[PDB]
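Q: Please read through the structure below; I'll follow up with questions.
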Amino acid sequence: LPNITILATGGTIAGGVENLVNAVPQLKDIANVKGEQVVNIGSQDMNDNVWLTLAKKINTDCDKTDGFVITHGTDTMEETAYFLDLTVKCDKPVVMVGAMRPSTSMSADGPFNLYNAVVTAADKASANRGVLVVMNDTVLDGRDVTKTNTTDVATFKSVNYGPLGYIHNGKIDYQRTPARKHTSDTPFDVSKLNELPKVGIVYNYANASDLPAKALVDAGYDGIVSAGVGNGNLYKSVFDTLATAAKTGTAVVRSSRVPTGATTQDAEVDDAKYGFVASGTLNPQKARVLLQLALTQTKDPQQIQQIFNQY
Amino acid sequence: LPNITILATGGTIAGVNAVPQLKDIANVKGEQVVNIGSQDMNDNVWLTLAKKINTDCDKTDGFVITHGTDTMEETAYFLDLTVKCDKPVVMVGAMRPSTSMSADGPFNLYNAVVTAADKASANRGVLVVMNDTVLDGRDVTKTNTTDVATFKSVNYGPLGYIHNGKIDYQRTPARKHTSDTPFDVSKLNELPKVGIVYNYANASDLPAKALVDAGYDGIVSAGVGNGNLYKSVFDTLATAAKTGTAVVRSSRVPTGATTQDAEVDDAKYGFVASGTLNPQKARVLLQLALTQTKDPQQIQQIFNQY
Amino acid sequence: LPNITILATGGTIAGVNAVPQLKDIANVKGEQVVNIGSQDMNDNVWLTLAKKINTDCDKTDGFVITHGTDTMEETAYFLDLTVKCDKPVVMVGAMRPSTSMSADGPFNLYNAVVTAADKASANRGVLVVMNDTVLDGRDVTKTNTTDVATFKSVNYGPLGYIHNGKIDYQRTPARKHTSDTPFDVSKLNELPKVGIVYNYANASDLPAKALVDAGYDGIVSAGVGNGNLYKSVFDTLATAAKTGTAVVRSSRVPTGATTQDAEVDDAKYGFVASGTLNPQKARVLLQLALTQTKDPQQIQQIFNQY
Amino acid sequence: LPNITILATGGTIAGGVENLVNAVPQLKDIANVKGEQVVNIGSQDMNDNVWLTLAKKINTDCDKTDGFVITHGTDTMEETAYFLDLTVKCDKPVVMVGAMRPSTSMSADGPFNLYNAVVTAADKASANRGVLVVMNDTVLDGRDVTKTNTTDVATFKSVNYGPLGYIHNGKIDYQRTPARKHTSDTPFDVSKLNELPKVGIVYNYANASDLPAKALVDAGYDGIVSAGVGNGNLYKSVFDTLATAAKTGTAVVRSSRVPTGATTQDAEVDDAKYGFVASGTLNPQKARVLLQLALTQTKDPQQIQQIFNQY
Ligand SMILES: N[C@@H](CCC(=O)O)C(=O)O
Ligand SMILES: N[C@@H](CCC(=O)O)C(=O)O
Ligand SMILES: N[C@@H](CCC(=O)O)C(=O)O
Ligand SMILES: N[C@@H](CCC(=O)O)C(=O)O
C-alpha cells in the first residue's frame, strides 16, 4: 500500500489530524496515512505565508512519501490549489480536499471526499497532472477549478475546460490533463522566498469608485488585478487610475467578475497601448496568484502577458 | 398592434429599418436616452431611465431598453425595484458587434419587442430577453465573457422561452418588484454611496478603508464562500458597521445564497446577508434600502423581501 | 408539530430511529406501500400511490414518498397530475447507499420532511426534494448517473432552496397540477398502453412496429433534435396515427421543447408535440390524456396546459 | 493559405456547396476552400451508408488537402462525429459544423459557425485531436460532444469532460485533448466494408414493454444498446429479454437515458454474470457507434468491454 501524507491546514473535515484514520477507517485499506498539521485556520484567512509554507514543505518532503493530500477550507481552496500548481516541483500526486458540510452534520461530505482524495493521491495515473482538487467524486485541475455555489456539496467545477477524471468505486477514469504548464514545467521557484509581491483585486460595477484602486496604488502595490465587467472592461474612473498606475510601473491585469470564459486580448481594451495584461480564463483571485509569481521574475507587461499565455 | 417604445442607452445593437420585421409585431418609436458603453453605467442613467419609464407609462404599451451587456444585470434590477409601470419593460443587448458575422442583435431585438408586446409579459417585473429566453431582472446575470448564451437566471431559472414569436411563460418572480416595492426615486437626484470590495487570500484592507474614509453610506463585500471575509477586511467592515456604514455580505461565488446563520454572526456585527443577490445586485438594493433606512435589522428585512 | 406520513416504495434510504432529528420537525408515521427498485416502477404502483394519497389526505398534514431515484421523475409527474390533495406531497431518494460513506439519504429525508411540513409548500404541486433543493415534479429530471446533485429542473429551475431547515420559495409551476387537472384515477385499475421508441441514425422501425402490432394506445417518440424522426420510424408512426394510435413527438435531447411549427407538420400527420416534457414524462401525460380523449387536437391542448 | 475541403451532407448552413465562399466571403482570407456535395439529407435520416462514404472519402482524399470541414445537420452530428472519430485514419484536422437557425433567419448562426469551423480546420494545432465539432465559438471532441438543447444555438457541449478549446478572433487556445484512443490509434478499418453490424437501441422507463427488445432479437440484431434508467438499469422485462438474448450471442451494452455521467461497471448489474457491457460515458446513440465497430472485430463480451474501456 502507498504512503500518503495528509497536510492539514484547518479543522477536521471528517469525524487531531492523526485521528483521521479512525474517523475514516476505510483509508487503511487503500493507503498508509500519516498526518501533519501545518496550520489550523479557516480558509477565508488564507494568506501568502501559508502558501509558501505548503510549497516548501511539499518540495522538501517529496522524497519521503508517495503522494500528498492537503485538507483545506473550501472558500479559498481554488487559490491555494493554483499557487501550488505553479510552485510545487514534486510531480507525485498532490491533491486538495475539503468539505461543504460540517463533519458533525447529517450526511457530512468530508469522509467520502477524504477517501476519494486519498484514492486519487494513491493512483499512479494521477502523477504529472499538476496539483488537483478532489470534491464530489471528481478530479479537477488546480488551474480551472472554482467554487461555483455558496453551499452545494457539488460546488467545485472546472467551469471552462472540465474535470480530469471521475471516481467510481475507488477507481478513476482519467480522460483529460491540463495543457497549461504546471509544477516542474514552470520557472517559479519559491524555495528561498519569504514574501510575495503585493497584488490586490478591485471590483468593477456601475458607478464604481476609483478609491479602492487609488488606495492600492498609493500603498505601492506591485500589481493590481481588475475584476472587470464583461470581457475584462473597466468603469471609466477605475480605468483612469489603472492606466496612470501602469505607466508608473504597476502591473495591471484585466480579469473579469464574470464566472466563466476568458478575458481575451484584442477586444475592447488596447492592452498594448495601456501596458495592461489580459488574464485569459483566470478569474480575479487566480490571476492574482499568477501575477504575484510573474512579478518575482519580471515587471515588464509583455513578458507578463507571455506568462499569462503559458501558465 | 401594440405601441412599443425603445429607449436606447448605447450604440445600435442591430444594423427599425435595421430589423424590418419589427413592423410585423409592433408600432415602434425610439428615443436615445444616453449613448454609452455599459461599463460606464452610473446612478444618473439609472435615475433617468426609471423616471422616463414612470412618466411615459401611460403613453405606450411597453418598453424595450437596448443596453450594453456588461452591466445590464445591474440596471435591470434597479429598474425592477423602482419602475412603477407594470406594463412590460424589457432589456436587451448583443454579445456580437452588429457588423460581425452571425450578429445576435437583430434577433435579440426582435424577440425583445415580441416580449414587450405580449400581454402575458405584464406584471412580471423588469425583464431581460437574450438568446430566445425571458429572464427576470432579479436573478439574471452575465455568466460568460463572450458567449451569445451568456445571460442566465442561475439560481431560479428563466420565466419563459420564445419560439417563433410566442412565449410559453411557466414562472414569475415571487420576490416583490416594481409597484410592490416602496422605493420611489421620482424626487431623488442622487443615490446613497455604496461600493464593493473583493475578498481573496491575503486581501488588503485598504479598499474597504478607502470607502470608509470617504464616508460611504454602504459597503458590499464580495465574500469568499458563503459570504466570508478575510480577517483584515472583516476587521474594517466590523468597525464600519458600528460607525454609520451599512455592510452587506454577498459572495464572489457566482451562484447560491449568502445565508444568515452560517459562519458570520451578523446580529453581533450589524451586518446584512445578501441572499442570492450577487455583489453588484446587492449594491443596487442596498443603495435603495439606504434611501429609506440605516437600521441593519430593517435592511435585512428589505433583503428578505425584494 | 405537523403530522407527516412517509410512504415507502423501496428499501430504506437512511439507516425514524435512523434519522432521530425528524422528531424535532414532525410527527412521522410510516407505511410501506411496495418495496421495489424504481427501475421496476409500473402503472400499478402509480395508481396505488395516487389513490392512497387522495384517500388519506384528510388524515395528515403532508406526505413524503421515499423512492428509488431512477424513475422518481416519472412517478412525481404522474402524482403531480393525479393527486387531488393540495397538502404538500414530497418525493425523496438517495444516490448513495445508506451504508456507504457520506450517505445522502439521511439529510435528504430530513429536508424532505422539512418541505412537507412547511405550510408554504402547499399548492405547489408534487415536489421532489434532493440535495437541499425543492423541485417541481413536472420539470425535475435525473441529469447524471451517479452525482448526489443529479436532480435538476433543467428548463425552468427549482422552486426553492433549503438552508438550516428553512425554505426560500421564489417560484411555483404555472402549468396546471393536482386539483387543477381533470385526470381522475380513483376508479381506474389500468392505464392506456403507451410505449417509447428511440431515434438515432439508421434507426430500425421494428420497435415502433412491435408496439403498433400489439395495439398500443399511444407511442412517444424520443426524437432527434427538435422532435425529428428517422425516416423509417416516421413512416411507421405516420401510419399508426392514422390507424388509432396517439403519437407524441418528444426528444432524446435532455433540455428544451419539442415545439410545434418546426420541421414536422403535426397537423398533417396527426401528431402531438410534447413541449419540454421528455420522453418518459410525455408518456405519463399521454397515458392520462388517453383516459379522456383520442383526438390529436385535444391531446395537443392537454400537452399545452399540463 | 491552407487548402480546406468542405464535404457537405445536407442543405446549406450559410446564405450549391461551391456557393459558400460567396455566402461567407471572409473564408477567402483564411483558406483556399473547395466544396463537394457528398449527400444532401437531413441528419435525422443519417445512416450507415453515409458514414461509410464519409470515412472512405476522407481516408482516400487525405493527401489532397490540408483539412476537412463536414457540414451536417445538428440532429445526429454527434453520432457521425464519433463514428468518424473512430474510423478516420487521416490525422489532419477533420471538423464538423452545422447551424441551429435556418440560413435565412435573423441572426443565422451558420455563417460564423462555418468561418470558425474553417479556422479550426486550418489551425495546425487542431491535428491529432481526433474528429472535432465546432459550434458556438467552441472546439469539442467527437466522443463527448452532444446536443443538449432542442433549439439553443449553444446546444452542443462535451458534458462530461469539457471542450478542447475556445475560438476568439479566429484564434484557438487549446487546453485539452481527448485521452481515449481515436482515428489512427483505433483498429477499426472500414475501407473494405459495405455494411455495419445491426445495432438497435431500446429505451427504459416505468412499465416499459419488452416488445421493442424482442423485435430486435427476433430480427437477428447483432447488438442491442439499452438506454437504461439511472446507472444503466433496466426494467425487469427488458432485462429478461436482453439477458436471454445475450446468452444466444447478442451483444448487449448498458448505456443510460441520463444525459451525463458514466454507466459504470460494478454497480447494480452483474455484467459478467449476464454477458453485458457497460458503456461508460457513451450515451446510447454513441454506444451504438462503438458497438457496431466492436462487432466488426469480436462478438465476445469481455473483449467488447475492453473496447468500451479504450475508445
Ligand atoms: N470558511 C470556512 C468554511 C468551511 C469550509 O467549507 O471549509 C473555510 O473555508 O475554511
Ligand atoms: N462593453 C460593452 C460590451 C458590448 C455590449 O454589450 O453592447 C458594453 O457593455 O456596452
Ligand atoms: N436502481 C435503484 C437506484 C438506487 C436508488 O435510487 O434508490 C432505484 O432506482 O431504485
Ligand atoms: N433536422 C435537421 C435540422 C436542421 C439542423 O439543425 O441542421 C437536420 O438535422 O438536418
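Heads up, chain D uses Swiss-Prot numbers, so what you see runs 23-37, 53-348.
If you check the header, you will see the structure was determined by X-ray crystallography, 1.9 Å.
Using the three backbone atoms N, Cα and C, a Cβ is placed for every residue, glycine included.
The following feature annotations were taken from Swiss-Prot:
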- D:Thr34: active site, O-isoaspartyl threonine intermediate (ACT_SITE)
- D:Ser80, D:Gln81, D:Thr111, D:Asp112: substrate binding site (BINDING)
- D:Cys99-D:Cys127: disulfide bond (DISULFID)
Q: Given the binding-site residues D:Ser80, D:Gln81, D:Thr111, which one's Cβ is surrounded by the fewest other Cβ atoms within 10 Å?
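A: Minimum Cβ neighbour count within 10 Å, taken over the binding-site residues D:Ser80, D:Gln81, D:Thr111, occurs at D:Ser80.
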Q: Using Cβ atoms and a cut-off of under 8 Å, determine which of the recorded positions D:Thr34, D:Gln81, D:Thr111, D:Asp112, D:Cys127 neighbour chain C, and list them by sequence position, or give 'none'.
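A: Cβ contacts with C, in sequence order: D:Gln81, D:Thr111, D:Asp112.
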Q: Spatially speaking, which of the recorded positions D:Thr34, D:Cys99, D:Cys127 is closest to D:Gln81 (substrate binding site)? Use C-alpha to C-alpha, please.
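A: Comparing Cα positions, the candidate nearest D:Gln81 (substrate binding site) turns out to be D:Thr34.
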Q: Out of D:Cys99, D:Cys127, which of these disulfide-bonded residues shows the lowest number of other CB atoms within 10 Å of its CB?
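A: Comparing Cβ neighbour counts within 10 Å for the disulfide-bonded residues D:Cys99, D:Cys127 gives D:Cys99.
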Q: Whole-number Å distance between the CA of D:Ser80 (substrate binding site) and the CA of D:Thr34 (active site, O-isoaspartyl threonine intermediate)?
A: 13
Q: Determine the straight-line distance, in Å, between the Cα atoms of D:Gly37 and D:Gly53, where 15 intervening residues lack coordinates; round to a whole number.
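A: Cα to Cα across the gap: 10 Å.
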Q: Just checking: which of the recorded positions D:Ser80, D:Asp112, D:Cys127 have a C-beta under 6 Å from ligand 4?
A: D:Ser80, D:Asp112
Q: For the recorded positions D:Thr34, D:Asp112, which Cβ has the most other Cβ atoms within 10 Å, all shown protein chains included?
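A: Its Cβ has the most other Cβ atoms within 10 Å: D:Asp112.
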Q: How many whole Å apart are the CA atoms of D:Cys99 (disulfide bond) and D:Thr111 (substrate binding site)?
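A: Here the two Cα atoms are 24 Å apart.
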Q: DSSP on D:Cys127 (disulfide bond), three-state: which is it?
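A: Reduced to three states, the DSSP call for D:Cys127 (disulfide bond) is coil.
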Q: With the substrate site defined by the record as D:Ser80, D:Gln81, D:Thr111, D:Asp112, how many Å span the farthest pair of C-alpha atoms?
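A: Of all Cα pairs among the recorded substrate binders, the widest measures 9 Å.
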Q: Would you kindly give the Cα-Cα distance separating the residue listed as 'active site, O-isoaspartyl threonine intermediate' and D:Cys127 (disulfide bond), rounded to the nearest Å?
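A: About 25 Å separate the Cα atoms of these two residues.
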